[PDB]
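**Student:** Starting off with a structure, shown below.
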Amino acid sequence: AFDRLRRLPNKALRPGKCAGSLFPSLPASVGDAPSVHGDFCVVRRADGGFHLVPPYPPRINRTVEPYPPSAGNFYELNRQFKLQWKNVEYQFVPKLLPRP
Amino acid sequence: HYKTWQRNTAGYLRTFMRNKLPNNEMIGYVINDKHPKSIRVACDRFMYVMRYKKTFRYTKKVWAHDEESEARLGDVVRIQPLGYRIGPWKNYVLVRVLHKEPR
Amino acid sequence: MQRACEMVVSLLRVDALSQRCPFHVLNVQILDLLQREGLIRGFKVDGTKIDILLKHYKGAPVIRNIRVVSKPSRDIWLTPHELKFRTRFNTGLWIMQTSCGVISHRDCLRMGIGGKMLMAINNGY
Amino acid sequence: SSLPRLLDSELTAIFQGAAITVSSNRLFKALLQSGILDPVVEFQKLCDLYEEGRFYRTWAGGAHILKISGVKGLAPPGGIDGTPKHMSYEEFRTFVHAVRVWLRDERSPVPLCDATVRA
Amino acid sequence: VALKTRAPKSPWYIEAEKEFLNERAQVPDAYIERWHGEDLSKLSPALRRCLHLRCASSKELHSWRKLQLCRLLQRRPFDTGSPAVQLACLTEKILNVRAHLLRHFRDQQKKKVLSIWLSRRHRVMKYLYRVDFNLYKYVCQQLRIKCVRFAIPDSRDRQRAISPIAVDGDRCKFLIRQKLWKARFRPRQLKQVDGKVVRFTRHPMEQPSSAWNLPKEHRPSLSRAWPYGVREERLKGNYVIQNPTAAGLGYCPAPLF
RNA sequence: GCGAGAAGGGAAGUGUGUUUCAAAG
RNA sequence: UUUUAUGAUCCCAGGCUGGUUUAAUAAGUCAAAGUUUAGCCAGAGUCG
RNA sequence: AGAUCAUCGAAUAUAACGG
């Protein structure tokens, strides 16, 4: 058994806890405190304000095939999200979920 | 999983206390000290059975970390958990050594 | 612990006056509690073995039934509030092994500490 | 004082000579042979700083375990491949910069990395 | 269809077997029953020849060897119950039975007795290791016995467990290990020069190298085998082996006989 | 301008869950 | 160098828990190895 | 953040790394 297609569990956007922290100043339990924002990010609005925004593609799980068989008739599969700025491009398309 | 009435019996409470230690600490003996600054601590746990009312034992081998590399093979030590992941195998930190085997 | 369970066979005899028993530290303490209740006439440590006398009344012995609860392969523990349910409406004698020595079941409930049921004397179902 | 500036072009020969991605085993030995870092730095010195710097986690070196094992690799060892992180050109540059200063500040009167201390 | 038959004996196995018997038959210049010159002076020269070791029997010859070895590890005169003396006494008894089995091969009753002594000696080492560690190492060097430490429980795998038969690896070079023949490690059939085809139940006994489970110099590296590198002690090549009597992967301990 | 999957069983076995603690973006 | 009968490699299926009263000197002080019905947690992405 | 028996389908076991 080599180079076998495995499967990983799904995971949505984890909501942050109200009782969070910015930076743990020398914590004195055996763990890491949660975050308020969590996955979400704060950006500048068009009208001079601050609002939430869906971040860059949140770990698009490519291991599991699409559920609805009729997905190609309305959506183009096998997409890529590249980041370019003038003549500079960075390699960050691989969205891997590391171990806990 | 244990039922509500199973959390008040003396058999379950006694087993819990033995397993439970400050800072979720554990007791075990080192069995492998080949890699640099690495030692594999073998910890022994306990569990309760509500059917026959008997407690058994099962070993739990885990990896630890040592700074001064004072511990050696066949030496009971103390481990402490951590809220992160360091290295491919390292998941614990040493505190002290209780017993030392001659050479 | 194994030697403790070997005392019931010797003490549970009808046509006998005195029976021997292996010497043990824990066994000596158990005999003291039984003598207080008036179940054993007396005992003497004869070196490697202990000679224990038997009490009789109108032919039949004072001890009629012995039940071993605790065994070397496992350990029975009951909370102070659970021992009362087990032991109720009975005249039996339960040996309780608490942290502060060995006492009977009646004293265990008085202190409210969690003991250990070792054996039963003059117990039914 | 007056720390020399490491030219980008010079590092290209060392990175390509030891050979896109390459393993970290061949790069550690080649760094000392070129003598760019200059006592003599031993092989264990670089290995110790690599783990202490927490580079395996930062770079996501453990992501390759799930490709072979899958679900079994998520759990800890006791609750497994252990290959080193294959640093790329970009990644290697950063590490060289980080290790170059960690040796100079080890004997400087004014620490730069960690100047503070808790009682 | 292949026929199951015994495997041929290797050329080196026969040569070593004859050498072992030669050593056991050596008769040094000494005396039996502690017949010191004090008492022997009262006897005639003619009569003294009979009392020499050359004229002694096997029982007397074997007993003399025990006395010489016992004195080497004697704590006090007239003391044989100490673990140090018992360790040497048992070693001489095992070889005495092994030599007899070579000449006599139809004595199947004594095959079971040899196993009892081999296991009994193993337990002695375990007890002596915890009570005295310095003395345990000294006795092994004098007798050239493979020292083994007991610090962790032995695993259930036979490829890495202990083997009481191969304890005296230095003195015996043909009872160290062998090959597996259970399901997949069986030998392939072959044709001899006989007009017939035969198959061997047991694999041939090869000659192992001298560096069997011995330390060696390692090279620093960082790969899968050494995620955290190589220790300084390993590079010099002086680490102490916990189980030197391990057969290793793809190997099995040698039979009893 | 604000709210809206309030009709979701397709993924996973040592996982999903439970329990003990902790959290001044 | 590492796991391995205290199950390592490996094939198919099953998602975890709570729910008040409840007779009998089994008078339960939490329904006594395992039985449920409004409920908690949790359940990837895409207009190129 | 720590700990946290596995079961059914009869069964068929040693595998992956470096000289």
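Note on naming: chains are A, B, ... as they come in the structure tokens, residues start from 1 per chain, ligands start from 1 in the order shown.
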Near chain D, which residues of chain F fall within 10 Å when you count only C-alpha atoms (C1' of nucleotides), and what do they look like as a PDB file with N, CA and C atoms (P, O5', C5', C4', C3', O3' and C1' of nucleotides), in the first residue's frame?
**Tutor:**
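result-v7.pdb, written as the output of this step:
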ATOM      1  P     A F  12     -15.229   8.656   4.829  1.00  0.00           P
ATOM      2  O5'   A F  12     -14.583   8.939   6.257  1.00  0.00           O
ATOM      3  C5'   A F  12     -13.259   9.440   6.370  1.00  0.00           C
ATOM      4  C4'   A F  12     -12.945   9.861   7.784  1.00  0.00           C
ATOM      5  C3'   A F  12     -13.057   8.776   8.845  1.00  0.00           C
ATOM      6  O3'   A F  12     -11.913   7.942   8.905  1.00  0.00           O
ATOM      7  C1'   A F  12     -14.167  10.722   9.592  1.00  0.00           C
ATOM      8  P     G F  13     -12.048   6.404   9.354  1.00  0.00           P
ATOM      9  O5'   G F  13     -12.114   6.470  10.945  1.00  0.00           O
ATOM     10  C5'   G F  13     -11.167   7.235  11.683  1.00  0.00           C
ATOM     11  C4'   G F  13     -10.768   6.547  12.966  1.00  0.00           C
ATOM     12  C3'   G F  13     -10.190   5.143  12.800  1.00  0.00           C
ATOM     13  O3'   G F  13      -9.196   4.909  13.798  1.00  0.00           O
ATOM     14  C1'   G F  13     -12.141   5.037  14.126  1.00  0.00           C
ATOM     15  P     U F  14      -7.655   5.263  13.506  1.00  0.00           P
ATOM     16  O5'   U F  14      -7.228   6.173  14.741  1.00  0.00           O
ATOM     17  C5'   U F  14      -7.641   7.533  14.822  1.00  0.00           C
ATOM     18  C4'   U F  14      -8.523   7.780  16.022  1.00  0.00           C
ATOM     19  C3'   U F  14      -7.785   8.076  17.325  1.00  0.00           C
ATOM     20  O3'   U F  14      -8.549   8.987  18.115  1.00  0.00           O
ATOM     21  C1'   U F  14      -9.087   6.125  17.590  1.00  0.00           C
ATOM     22  P     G F  15      -8.187  10.554  18.136  1.00  0.00           P
ATOM     23  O5'   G F  15      -9.353  11.229  17.284  1.00  0.00           O
ATOM     24  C5'   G F  15      -9.164  11.549  15.914  1.00  0.00           C
ATOM     25  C4'   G F  15     -10.461  11.496  15.145  1.00  0.00           C
ATOM     26  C3'   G F  15     -11.653  12.180  15.797  1.00  0.00           C
ATOM     27  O3'   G F  15     -11.664  13.581  15.585  1.00  0.00           O
ATOM     28  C1'   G F  15     -12.293  10.037  15.023  1.00  0.00           C
TER      29        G F  15
END
**Student:** If you count only C-alpha atoms (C1' of nucleotides), which residues fall within 9 Å of residue 2 (chain H), apart from same-chain ones fewer than 6 positions away, as a list in words?
**Tutor:** residues 30 of chain A; 23, 24, 81 and 82 of chain B; 20 and 21 of chain F
**Student:** Could you pull out the residues in chain B that DSSP calls alpha helix (DSSP H) from the backbone, as a list in words?
**Tutor:** residues 10, 11, 12, 13, 14, 15, 16, 17, 18 and 19 of chain B
**Student:** Pick out the residues sitting within 8 Å of residue 87 (chain B), and hand them over as a ChimeraX atom specification; count only C-alpha atoms (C1' of nucleotides), and ignore anything fewer than 4 positions along from it in its own chain.
**Tutor:** /B:91 /D:51,56
**Student:** Mind checking which residues fall within 10 Å of residue 8 (chain F), counting only C-alpha atoms (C1' of nucleotides), ignoring those fewer than 2 positions away in the same chain, and posting them as a count of residues only?
**Tutor:** 3
**Student:** Counting only C-alpha atoms, collect the residues of chain D whose closest atom lies at most 7 Å from chain B, and write them out as JSON, numbers by chain.
**Tutor:** {"D": [77, 78, 82]}
